[PDB]
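A short worksheet on the structure shown next.
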Amino acid sequence: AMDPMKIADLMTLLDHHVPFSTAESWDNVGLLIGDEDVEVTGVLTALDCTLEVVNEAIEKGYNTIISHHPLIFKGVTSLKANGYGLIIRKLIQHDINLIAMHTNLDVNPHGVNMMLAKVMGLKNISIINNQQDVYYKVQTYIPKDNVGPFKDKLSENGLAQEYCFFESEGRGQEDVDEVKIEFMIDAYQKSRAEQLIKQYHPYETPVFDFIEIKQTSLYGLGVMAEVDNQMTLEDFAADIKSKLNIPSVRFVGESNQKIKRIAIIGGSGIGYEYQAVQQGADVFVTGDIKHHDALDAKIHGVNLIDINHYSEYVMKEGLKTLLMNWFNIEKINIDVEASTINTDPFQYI
Amino acid sequence: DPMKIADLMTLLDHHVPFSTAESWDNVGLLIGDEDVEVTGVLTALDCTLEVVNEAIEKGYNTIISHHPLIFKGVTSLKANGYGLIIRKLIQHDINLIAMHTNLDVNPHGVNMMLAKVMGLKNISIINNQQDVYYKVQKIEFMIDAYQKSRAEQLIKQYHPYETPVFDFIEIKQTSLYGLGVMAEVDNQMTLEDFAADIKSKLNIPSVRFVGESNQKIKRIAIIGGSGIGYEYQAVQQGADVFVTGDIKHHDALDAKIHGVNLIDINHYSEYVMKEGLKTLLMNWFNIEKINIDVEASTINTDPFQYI
Amino acid sequence: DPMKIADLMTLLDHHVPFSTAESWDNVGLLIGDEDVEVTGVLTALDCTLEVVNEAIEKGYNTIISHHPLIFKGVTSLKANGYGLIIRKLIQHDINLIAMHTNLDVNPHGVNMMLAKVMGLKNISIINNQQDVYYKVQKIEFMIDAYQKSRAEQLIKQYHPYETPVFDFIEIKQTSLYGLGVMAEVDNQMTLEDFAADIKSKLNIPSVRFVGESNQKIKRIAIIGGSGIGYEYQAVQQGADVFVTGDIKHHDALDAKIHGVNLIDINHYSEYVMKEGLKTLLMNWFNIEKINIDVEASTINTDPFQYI
Amino acid sequence: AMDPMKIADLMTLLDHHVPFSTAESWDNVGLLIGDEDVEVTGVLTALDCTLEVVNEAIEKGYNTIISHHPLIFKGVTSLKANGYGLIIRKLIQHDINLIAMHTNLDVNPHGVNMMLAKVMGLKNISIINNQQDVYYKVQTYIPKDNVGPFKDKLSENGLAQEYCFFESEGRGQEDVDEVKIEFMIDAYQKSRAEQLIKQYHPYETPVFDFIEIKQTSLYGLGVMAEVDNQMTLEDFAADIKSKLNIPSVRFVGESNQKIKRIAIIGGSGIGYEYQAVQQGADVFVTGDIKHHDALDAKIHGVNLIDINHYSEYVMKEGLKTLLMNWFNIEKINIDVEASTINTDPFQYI
Amino acid sequence: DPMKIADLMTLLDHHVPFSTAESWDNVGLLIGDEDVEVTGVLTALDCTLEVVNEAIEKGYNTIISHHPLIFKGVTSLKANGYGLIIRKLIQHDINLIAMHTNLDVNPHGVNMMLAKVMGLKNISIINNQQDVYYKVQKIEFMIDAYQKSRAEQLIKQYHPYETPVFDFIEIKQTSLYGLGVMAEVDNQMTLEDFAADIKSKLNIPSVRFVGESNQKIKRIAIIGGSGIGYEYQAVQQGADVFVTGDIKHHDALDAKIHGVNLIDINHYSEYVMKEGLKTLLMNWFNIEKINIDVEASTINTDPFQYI
Amino acid sequence: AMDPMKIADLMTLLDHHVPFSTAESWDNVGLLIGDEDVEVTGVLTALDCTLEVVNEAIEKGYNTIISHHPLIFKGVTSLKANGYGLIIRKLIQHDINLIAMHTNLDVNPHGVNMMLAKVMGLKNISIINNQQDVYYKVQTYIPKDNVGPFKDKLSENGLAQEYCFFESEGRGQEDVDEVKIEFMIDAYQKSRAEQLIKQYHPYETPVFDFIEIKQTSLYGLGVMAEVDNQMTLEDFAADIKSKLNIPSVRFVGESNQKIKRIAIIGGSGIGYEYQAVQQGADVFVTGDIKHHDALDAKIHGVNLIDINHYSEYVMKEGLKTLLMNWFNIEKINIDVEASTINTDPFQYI
Ligand SMILES: [Zn+2]
Ligand SMILES: [Zn+2]
Ligand SMILES: [Zn+2]
Ligand SMILES: [Zn+2]
Ligand SMILES: [Zn+2]
Ligand SMILES: [Zn+2]
Ligand SMILES: [Zn+2]
Ligand SMILES: [Zn+2]
Ligand SMILES: [Zn+2]
Ligand SMILES: [Zn+2]
Ligand SMILES: [Zn+2]
Ligand SMILES: [Zn+2]
């Protein structure tokens, strides 16, 4: 009997590749509207889950929408037949499930900013503004003959996974010859490590320490990348306008300024431009740039390009490609399509 | 007609104005479509999953609860918890209206209803809101604060003066609306006898009181739900005892040490508004010649079981 | 005379009272010496280094900008960034005056100016401030709220009464001042045609709108600069479209989903106040027989270049 | 000449067994009203120090009351002959001393929740919600021949207490063969360790490090325990109503729900119920449960019992027993009695 | 009678209303029993242990201090620090009353007392509070804001109208109460000569002033204690110099650079209220024919010794 | 061609000896008014940069003022010809540069409080209230034959500066014999250490850890010192009144109290007096003491002397001496003078 993919199965897969925990703590991510128990009939990717996107899912026979922007952000205080209420009610009434992969996708090594850089034809792309992840170096002290079965039992129970220990010789008190064994755990394992250590240790009152270690994460908001060939600011702006099919672009800085290194935060990344320049950027590319921030940037020589917040729409095809690949790996046959609807609230003239 | 949700909302607003609710509250049409024709109305304290099933079973597409099912914003709508209730409403085209603190402060609302279920006399609203009006000024006449704009559009439109002369003088008056009632028994009774009396009249499994059992009670202040914070002011207003729910140890100990008598009839005693609201709505419907069924939900939705 | 900075400040205050500015704003003489004789006045949106160089070159020692060059307090004055501009003003004895939110809310200010550059009709201030006056009371007569003290020093000084009897009755009236204007086109036009029309009239490189291109527009609300926050209220006030700058994605998406039409003419479109303010000041100077040159800065100070 | 116990001596003993530092930082604990210098004539334990409790101390000739709840919590702005003022004035006027052992006793391994679990007849009782205590692993580097007198001097001065060091061999710079010696200190000792190390080290400029270590405390708010035999929620509720002589109990959950593991926070512990369930509880037992929190718990399947906040009264006899034992150990002859007054503000009908 | 603490409190409230104290303050009966008969009253700035010993020694069971011995809530009452004082009061049945900011803003309070000790003329309260009254409205007459309730209970009780028509019109008037006095010397004097004059009249060990020593002084503003924050407003009100205590370096430097003259007479100079309050209370007692001894504490409680 | 000292050069020197980073985060320090590019013609030290001080710089031909107090503290919202505006405009109009060495000088081992103690003739002067500086112990694991060129490359690139490593032998997994090498970095180096380690390590995926270490700083607010000979509080007060030429001093405490150890925070240090007593002070010396704080101190037995905030004026001559010395070391010929103007806003009578 089959194991068709349920929303719960899809969530586990999504979380494996683009962990929901990497989203900012103010964000609203994951299954926003739906039922974990329901079988997935098809997946439509979207930037914003507008009414037209919901109609498109219905029309295609897909019961799952993955959007970048969370349709419910600050809690809803009503669900009436108007505004965002009309969209949420339509999802529910048609048994459509909506998952938001928001700032977790903004900070993912294969996420919105990698996608933007790739669509711009850039090279040497890497994550910037890296998160810090908390780990612990576990240190226990144990007699040499006790070292093996202590290690095997900790390893049998999934610690140091495999069997990754570092062994140090020393003398406790030199009353007692001991082996100081070390290994790494993620922050959530501390309590279980304690349990296992106390349980399988030789000493009645065993001696063990957790030393907090911070490591630079692979996750971070933005990428730094480079153009193949150093070019002028205005030429770079024109090139990316064309590549992303943007109706209008605006830039801040001398039009003939030479550009090689590019920092990109899709959406609304103003606030990071000065740090981007400190990180080596010649220009900071983002959306939703306002007058006074552009004015400040100009006077300080910080070069900007506004590609519009709407340029995050690249994640529809990008996430479709990712998900198709993840599904291939797992041998899952479910269709994924990028929504073709242009959902930009702005029309340019 | 037939009566739509939009028309029901207008009527309810007329009798229990939604603007008398507290600013933090969430009242009105919480879940639904104002264009839908009302098939029947079920009244509820809390809109539980069982209450939604009762509406469906009775053929009613409208529920009016006291407590707002959505209070702080909901950040997801999953098939779990409160999500299940909200999703069931939507999937069955059931409209949910919340008449919350507007009903707590209404002259015919929760506290009137409590006082009447208790058999009390000389019941009056306490803790009255303050309404703002303007005495428009040499002629003079009144206006609601909201008419100030239109009145001026009117005033400045026609007058002999190149610049007509007029004044809006802010006047404040005691509202008919407020949180709680003061009321009285027919004859003085002991605090313990009064507590038992109301236990029995409200069908409460357990009541608790603060104060000597032989304290004599004539004047009673009532705030249904969770009214702790108002007990000192009630005594100030003449109360021999403050009646509310959800009384906690330290608040009761403070009251005891200050000589303030309390009775905890439980928050759940607000359930009286089910039948109370059904009666009101039947009467309002009768005035407007609306032939729509109203029933009080019969489900006991108290999360507590007493032993 | 000759007119000093102190005299100019008095005049500007008379016509565009600095007290109508928002409490968070920074307006008035920001950089300078009130005793210095004005040689000429250059009007500006933003006081950039290029604008200071233009003043110097024209022989003008006074600049009036809309945007305050010093807004939050500056914690240093170095030869870098905004420091360079501030230091250049000081070292060339150039006086800088900021007519900021006081000009945004004036009946002849930024939004009147925008509406006129757009060719609009029936232009009126919206979002009006409220002025406080006192009806002094049996005689009765008016006073500005600021006269309450002096009036009383006067009132209590001479009266038959050992204790004269008098009342100050607070009266509130709609101000002539407020943020934004409502106005109308001569004949209904599509939203896209209106957007293009104003693009052309204001010489804007790029405009963007929210709403169906064939929406019909007659009534228009305008808040120059960054007026998002006021669009729902404008529709409430009758607007078919809200015109402002600095519109961001999520605010535009919200408006679109609620049926609220917008046009982003860019914050930089406040530049119309350069010529607008020059015309006002020339007229005021003419009334007072002041022979001082006023010119609108010709420098395009938009930090954005469009492609 | 005698050393009769003074309030100061009693405070030291109380603090040894139920450290005042384990109280929450918002709490008001310790000697609230009295004189450290005064000789203790007898001790009366209480939940709340009401006027009747003060009269009872006077009547018995006891000059010391230890309550759980602090009679002064937020500061008093007056001391008049009414309300709480009347109680505080009576203490002072009769030279009665009042000590509050409040949240320090809530979190103690022998405190309010252990007492509650014991009175309920539960087994396998352990502290939950454990505090974290900050320690340091001190690391110094020292030549082998210098190791002994360095160690002895640090130990003579009460560090590593005894003589608990761990010894590591290594090469500094291999210009210099060194011994890396390690030991533990509590957080308050850092400065003294620094002093002693600098003082007795071989090197003119000695090399030493303090590495912060967090350890799970023995102190925590609540206990987890189990019934001898799995029973129904309603049967468990009835049993504990009887054992604690409670006039009325209420529960939330299906009456026939099977219960084995019980989390208990006496007083007002709502806020911890969801975490208790994550920790393995079948039911969360507490007091002062309000409607909307009970409603939430019901819909989420979290089972609750309200035993009333007043059920903290078990600490009168419990603390009497503890104190009698502590006094026996120290050979102190001072009487301790649990106040017999029922001080519950509520009467049930 | 004999006069109880409750009666004393009523009298003091009549002459120096406790409601004129700041909302953050702690005034009234701080420590004591309102039912106890007053044996005698000692006045104090700070109620130190030495002042309590003085009361005990004189046979007085009532102390009135300016500064509240309990200000923020006390979290313990031990035989140490302030605990020792509070416990000594209680154990000797001594009643402590604090007349704090109510005395600072009274027309016969701390600042009147300072100005009189200085020999000044034309002394008037400054920084006046605002009292709210209602003109009840065709008859019309006044009421204190507190009478609004009773008046309405009365008003609505008897009238021809089924619904009587009445208005409460909020009127605001300048209070007699406020923080500080303005006053003047008989003849202009230098700032240094004035500072020395007041040093001598108040027996101050050390005074310090801000401003040129030859500045001419006629009009003086005084806020006893720690009145920094009010010096710019005092100059606005006509003061040549602002006199207060507890002046710090940066506040003095700011004043100096702005041309605002100051004198620091020390916070401790509020001690004048001991004799000042004794005289007031003797007079009030004389009016009511109360034969109770009042004495000003003779203890110098300044924590500072000057060298 | 010459390298005359520019403001930028002076700032680097100032920062070397009295690091601007040791200032409190609310403070406003460094070049407040001026141009980094401008050549320094002379330096005038000041407590407060009043108009007279600016006139004095002009008159002397000096274009640089270093003050203790920042003339711009909370941002200026205008620069008009009055008040502080007149002073700032005069600086600018005369091309005078103004640097503030504020709380960095309050906390410096040779700063305001060392200067005060020295002028008082005190002995055994040391910094109190020490800052804590964050460092990292870097730990990498590497095979023995790889140890040399790994070390040399890290050292070639300026880590462990020189060549300060500690070497530990151990077994990774005993599959692999490894050397655990350790060294110290300042907190700002973490990212570069990561770069260098990844770059020059043997392992494709090298194993390395940063362990946060806090060390007691040499910087702190205040000093503790002692009088040569134990003396009475009143005698000490009189002595320091004379030594600092103060017009009036006031003290709190019994006039015959014996004083040996003195804590000093020049300026306005009330808030630290209780901690000073805990640190061993017999008296806390500061300025701007107010009534109620003095009253509190008296009742608690905390002895105080108010030497006035203006007594920070000792830093004019003190900083002149320091700067002359720093300039001598660098062979810089620029004149430094302490402003002679008494800028105390107070006149005493
Ligand atoms: Zn994004
Ligand atoms: Zn976005
Ligand atoms: Zn209610
Ligand atoms: Zn309720
Ligand atoms: Zn504007
Ligand atoms: Zn603007
Ligand atoms: Zn407790
Ligand atoms: Zn408790
Ligand atoms: Zn005062
Ligand atoms: Zn005072
Ligand atoms: Zn300083
Ligand atoms: Zn200072």
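Chain lettering (A, B, ...) mirrors the order of the structure tokens, residue numbering begins at 1 for each chain separately, and ligand numbering begins at 1 in order of display.
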For this session: List all protein, DNA and RNA residues that have any atom at most 7 Å from ligand 10, counting only C-alpha atoms and all ligand atoms, and write the list as a ChimeraX atom specification.
Result: /E:67,224-226,267,270
Given the selection you just returned, output its residues as a file containing N, CA and C atoms, formatted as a short mmCIF file (atom, residue, chain, number, x, y, z; two decimals), in the first residue's frame.
data_model
loop_
_atom_site.label_atom_id
_atom_site.label_comp_id
_atom_site.auth_asym_id
_atom_site.auth_seq_id
_atom_site.Cartn_x
_atom_site.Cartn_y
_atom_site.Cartn_z
N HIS E 67 10.42 65.78 53.59
CA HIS E 67 10.86 64.62 52.77
C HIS E 67 10.24 63.33 53.28
N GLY E 224 13.03 75.65 45.83
CA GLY E 224 13.85 74.98 46.81
C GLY E 224 14.01 73.50 46.53
N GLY E 225 15.17 72.96 46.92
CA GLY E 225 15.46 71.54 46.76
C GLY E 225 16.31 71.29 45.53
N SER E 226 15.71 70.73 44.49
CA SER E 226 16.41 70.43 43.25
C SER E 226 15.52 70.80 42.10
N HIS E 267 20.33 72.05 48.36
CA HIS E 267 19.06 71.39 48.64
C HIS E 267 18.72 71.55 50.11
N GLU E 270 16.05 73.83 52.08
CA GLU E 270 14.66 73.55 52.44
C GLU E 270 14.40 73.45 53.94
#
Exercise. Residues of chain D within 6 Å of chain E, using only C-alpha atoms, as a PyMOL selection string?
Worked result: chain D and resi 32-35+75-81+93
Please write the residues from the selection above to a file, keeping N, CA, C and O atoms, as a PDB file, in the first residue's frame.
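Output contents, as saved in again.pdb:
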ATOM      1  N   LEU D  32      12.768  39.709  56.101  1.00  0.00           N
ATOM      2  CA  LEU D  32      11.999  40.849  55.594  1.00  0.00           C
ATOM      3  C   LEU D  32      11.754  41.853  56.709  1.00  0.00           C
ATOM      4  O   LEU D  32      11.679  43.057  56.473  1.00  0.00           O
ATOM      5  N   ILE D  33      11.531  41.356  57.914  1.00  0.00           N
ATOM      6  CA  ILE D  33      11.188  42.193  59.031  1.00  0.00           C
ATOM      7  C   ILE D  33      11.893  41.601  60.230  1.00  0.00           C
ATOM      8  O   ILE D  33      11.597  40.468  60.609  1.00  0.00           O
ATOM      9  N   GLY D  34      12.789  42.375  60.843  1.00  0.00           N
ATOM     10  CA  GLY D  34      13.413  41.952  62.074  1.00  0.00           C
ATOM     11  C   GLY D  34      14.816  42.478  62.311  1.00  0.00           C
ATOM     12  O   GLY D  34      15.237  43.477  61.748  1.00  0.00           O
ATOM     13  N   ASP D  35      15.546  41.759  63.160  1.00  0.00           N
ATOM     14  CA  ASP D  35      16.844  42.165  63.659  1.00  0.00           C
ATOM     15  C   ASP D  35      17.756  40.933  63.699  1.00  0.00           C
ATOM     16  O   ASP D  35      17.491  39.981  64.440  1.00  0.00           O
ATOM     17  N   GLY D  75       7.471  47.024  47.329  1.00  0.00           N
ATOM     18  CA  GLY D  75       7.718  47.763  48.535  1.00  0.00           C
ATOM     19  C   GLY D  75       6.466  48.408  49.161  1.00  0.00           C
ATOM     20  O   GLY D  75       5.517  48.827  48.469  1.00  0.00           O
ATOM     21  N   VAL D  76       6.464  48.510  50.489  1.00  0.00           N
ATOM     22  CA  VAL D  76       5.373  49.172  51.182  1.00  0.00           C
ATOM     23  C   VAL D  76       5.587  50.666  51.068  1.00  0.00           C
ATOM     24  O   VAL D  76       6.676  51.109  51.272  1.00  0.00           O
ATOM     25  N   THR D  77       4.573  51.438  50.686  1.00  0.00           N
ATOM     26  CA  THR D  77       4.683  52.885  50.728  1.00  0.00           C
ATOM     27  C   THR D  77       4.089  53.526  52.011  1.00  0.00           C
ATOM     28  O   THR D  77       4.250  54.710  52.228  1.00  0.00           O
ATOM     29  N   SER D  78       3.390  52.739  52.817  1.00  0.00           N
ATOM     30  CA  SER D  78       3.018  53.186  54.160  1.00  0.00           C
ATOM     31  C   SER D  78       2.899  52.060  55.176  1.00  0.00           C
ATOM     32  O   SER D  78       2.765  50.918  54.820  1.00  0.00           O
ATOM     33  N   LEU D  79       2.935  52.415  56.463  1.00  0.00           N
ATOM     34  CA  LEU D  79       2.775  51.440  57.547  1.00  0.00           C
ATOM     35  C   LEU D  79       1.763  52.010  58.548  1.00  0.00           C
ATOM     36  O   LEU D  79       2.109  52.606  59.576  1.00  0.00           O
ATOM     37  N   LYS D  80       0.503  51.918  58.145  1.00  0.00           N
ATOM     38  CA  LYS D  80      -0.618  52.434  58.925  1.00  0.00           C
ATOM     39  C   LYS D  80      -1.340  51.273  59.617  1.00  0.00           C
ATOM     40  O   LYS D  80      -1.088  50.095  59.295  1.00  0.00           O
ATOM     41  N   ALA D  81      -2.239  51.608  60.539  1.00  0.00           N
ATOM     42  CA  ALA D  81      -2.938  50.633  61.346  1.00  0.00           C
ATOM     43  C   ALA D  81      -4.101  50.029  60.568  1.00  0.00           C
ATOM     44  O   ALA D  81      -5.245  50.084  61.012  1.00  0.00           O
ATOM     45  N   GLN D  93       6.127  45.681  66.698  1.00  0.00           N
ATOM     46  CA  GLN D  93       5.852  46.098  68.023  1.00  0.00           C
ATOM     47  C   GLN D  93       6.075  44.969  69.041  1.00  0.00           C
ATOM     48  O   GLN D  93       6.404  45.258  70.188  1.00  0.00           O
TER      49      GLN D  93
END
Exercise. So which residues touch stretch 215-223 of chain E within 9 Å, counting only C-alpha atoms, skipping near sequence neighbours fewer than 3 positions away, as a ChimeraX atom specification?
Worked result: /E:104,110-112,114-115,120,126,179-192,194,211-212,226-228,230-231,234-235,237-245,261
Problem set entry | Secondary structure check, strand (DSSP E) residues of stretch 112-323 of chain A, as JSON, numbers by chain | {"A": [123, 124, 125, 126, 127, 130, 131, 132, 133, 134, 135, 136, 137, 138, 139, 140, 141, 142, 166, 167, 168, 169, 170, 171, 172, 176, 177, 178, 179, 180, 181, 182, 183, 184, 185, 186, 208, 209, 210, 211, 212, 213, 214, 215, 216, 217, 218, 219, 220, 223, 224, 225, 226, 227, 228, 229, 230, 231, 232, 250, 251, 252, 258, 259, 260, 261, 262, 263, 264, 283, 284, 285, 286, 304, 305, 306]}
Exercise. Out of stretch 60-91 of chain E, which residues get alpha helix (DSSP H) from DSSP, as number ranges by chain?
Worked result: E: 82-91
Counting only C-alpha atoms and all ligand atoms, what are the residues, protein, DNA or RNA alike, that approach ligand 1 to within 10 Å? I want them as a short mmCIF file (atom, residue, chain, number, x, y, z; two decimals) with N, CA, C and O atoms, in the first residue's frame.
data_model
loop_
_atom_site.label_atom_id
_atom_site.label_comp_id
_atom_site.auth_asym_id
_atom_site.auth_seq_id
_atom_site.Cartn_x
_atom_site.Cartn_y
_atom_site.Cartn_z
N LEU A 47 5.63 33.94 -5.54
CA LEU A 47 6.24 34.94 -4.68
C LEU A 47 5.23 35.35 -3.61
O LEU A 47 5.49 35.22 -2.39
N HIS A 68 6.99 32.54 -1.29
CA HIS A 68 8.07 33.15 -0.55
C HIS A 68 7.48 34.02 0.56
O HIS A 68 7.76 33.81 1.74
N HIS A 69 6.62 34.95 0.20
CA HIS A 69 6.06 35.86 1.16
C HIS A 69 4.92 35.17 1.92
O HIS A 69 4.08 34.51 1.30
N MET A 101 7.96 29.73 2.55
CA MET A 101 9.41 29.59 2.70
C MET A 101 9.96 30.99 2.52
O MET A 101 10.32 31.38 1.37
N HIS A 102 10.00 31.74 3.64
CA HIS A 102 10.29 33.15 3.57
C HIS A 102 11.76 33.43 3.87
O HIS A 102 12.60 33.07 3.05
N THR A 103 12.09 33.99 5.04
CA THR A 103 13.48 34.38 5.25
C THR A 103 14.42 33.15 5.31
O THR A 103 15.57 33.31 4.99
N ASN A 104 13.95 31.94 5.65
CA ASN A 104 14.79 30.74 5.42
C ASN A 104 15.29 30.59 3.98
O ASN A 104 16.43 30.18 3.74
N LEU A 105 14.48 30.97 3.01
CA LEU A 105 14.93 30.94 1.62
C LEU A 105 15.81 32.14 1.26
O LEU A 105 16.67 32.01 0.41
N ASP A 106 15.60 33.30 1.92
CA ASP A 106 16.48 34.48 1.73
C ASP A 106 17.91 34.21 2.16
O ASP A 106 18.84 34.81 1.60
N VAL A 107 18.09 33.33 3.14
CA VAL A 107 19.40 33.09 3.72
C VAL A 107 20.04 31.76 3.31
O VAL A 107 21.17 31.44 3.70
N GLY A 111 19.29 29.82 -2.11
CA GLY A 111 18.06 30.62 -1.99
C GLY A 111 17.96 31.86 -2.86
O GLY A 111 18.59 31.91 -3.89
N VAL A 112 17.17 32.86 -2.44
CA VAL A 112 16.77 33.99 -3.30
C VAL A 112 17.99 34.76 -3.92
O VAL A 112 18.02 35.12 -5.11
N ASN A 113 19.00 34.96 -3.10
CA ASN A 113 20.17 35.73 -3.52
C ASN A 113 21.14 35.00 -4.39
O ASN A 113 21.62 35.59 -5.36
N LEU A 221 22.13 36.25 5.11
CA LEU A 221 21.36 37.17 4.28
C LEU A 221 22.22 37.96 3.27
O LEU A 221 22.95 38.90 3.64
N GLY A 222 22.11 37.53 2.02
CA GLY A 222 22.77 38.14 0.91
C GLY A 222 23.85 37.24 0.35
O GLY A 222 24.26 36.25 0.97
N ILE A 265 20.97 41.75 -1.86
CA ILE A 265 19.91 41.33 -0.94
C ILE A 265 18.57 41.62 -1.62
O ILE A 265 18.10 42.75 -1.71
N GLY A 266 17.95 40.57 -2.14
CA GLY A 266 16.68 40.78 -2.82
C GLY A 266 15.62 41.13 -1.84
O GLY A 266 15.68 40.71 -0.72
N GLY A 267 14.63 41.91 -2.28
CA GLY A 267 13.54 42.33 -1.43
C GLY A 267 13.73 43.77 -0.98
O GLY A 267 13.63 44.71 -1.80
N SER A 268 13.93 43.93 0.30
CA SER A 268 14.12 45.25 0.91
C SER A 268 15.32 45.13 1.84
O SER A 268 15.15 44.83 3.03
N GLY A 269 16.52 45.36 1.32
CA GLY A 269 17.76 45.16 2.11
C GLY A 269 18.48 46.39 2.57
O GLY A 269 19.59 46.31 3.09
N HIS A 309 11.71 45.29 -5.36
CA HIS A 309 11.47 44.18 -4.46
C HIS A 309 10.88 43.04 -5.29
O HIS A 309 11.22 41.86 -5.03
N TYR A 310 10.02 43.39 -6.26
CA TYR A 310 9.42 42.39 -7.11
C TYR A 310 10.41 41.43 -7.81
O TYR A 310 10.03 40.30 -8.17
N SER A 311 11.67 41.83 -7.98
CA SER A 311 12.66 40.95 -8.53
C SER A 311 12.93 39.68 -7.72
O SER A 311 13.49 38.75 -8.27
N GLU A 312 12.44 39.59 -6.49
CA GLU A 312 12.38 38.28 -5.83
C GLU A 312 11.55 37.22 -6.57
O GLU A 312 11.62 36.04 -6.24
N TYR A 313 10.80 37.62 -7.61
CA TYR A 313 9.99 36.65 -8.38
C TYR A 313 10.81 35.55 -9.00
O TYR A 313 10.26 34.52 -9.38
N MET A 315 12.43 33.51 -7.54
CA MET A 315 12.40 32.27 -6.74
C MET A 315 11.31 31.29 -7.19
O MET A 315 11.28 30.15 -6.73
#
For this session: Find the residues of chain D in contact range of chain F, meaning any atom within 10 Å when counting only C-alpha atoms, and list them as a list in words.
Result: residues 141, 168, 169, 170, 171, 172, 173, 174, 176, 177, 178, 180, 190, 191, 194, 208, 209, 210, 211 and 212 of chain D
For this session: Give me the residues within 6 Å of stretch 3-12 of chain E as an MDAnalysis selection string, counting only C-alpha atoms and dropping any in the same chain fewer than 3 places off.
Result: chainID E and resid 15:16 34:38
For this session: Please provide the set of residues having any atom within 9 Å of residue D:336, restricted to only C-alpha atoms, with same-chain residues fewer than 6 positions apart removed, written as a PyMOL selection string.
Result: chain D and resi 42-45+62+320-321+323-324
For this session: For chain C, report every residue with an atom at most 8 Å from chain B (counting only C-alpha atoms), formatted as a list in words.
Result: residues 169, 170, 171, 172 and 173 of chain C
Go ahead and save the picked residues with C-alpha atoms, as a compact mmCIF listing (two decimals), in the first residue's frame.
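Contents of part-v4.txt, freshly written:
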# COMPACT_ATOMS: atom_id res chain seq x y z
CA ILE C 169 -14.19 77.80 27.40
CA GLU C 170 -11.88 75.65 25.22
CA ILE C 171 -13.18 75.62 21.64
CA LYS C 172 -11.65 73.45 18.91
CA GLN C 173 -11.94 74.31 15.24
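Of the listed residues D:94, D:144, D:316, D:292, the one whose atoms come nearest to ligand 7 is D:316, with distances taken using only C-alpha atoms and all ligand atoms.
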Exercise. Counting only C-alpha atoms, what is within 8 Å of residue A:218, bar same-chain residues fewer than 6 positions away, as an NGL selection string?
Worked result: :A and (108-109 or 127 or 130-131)
Problem set entry | Contacts of residue D:246 within 10 Å, only C-alpha atoms, excl. fewer than 2 positions in-chain, as a ChimeraX atom specification | /D:238,240-244,248-249,307-308,310-311,348
Problem set entry | Å distance separating atom CA of residue D:233 from atom CA of residue D:256, one decimal place |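 A separation of 5.9 Å between them.
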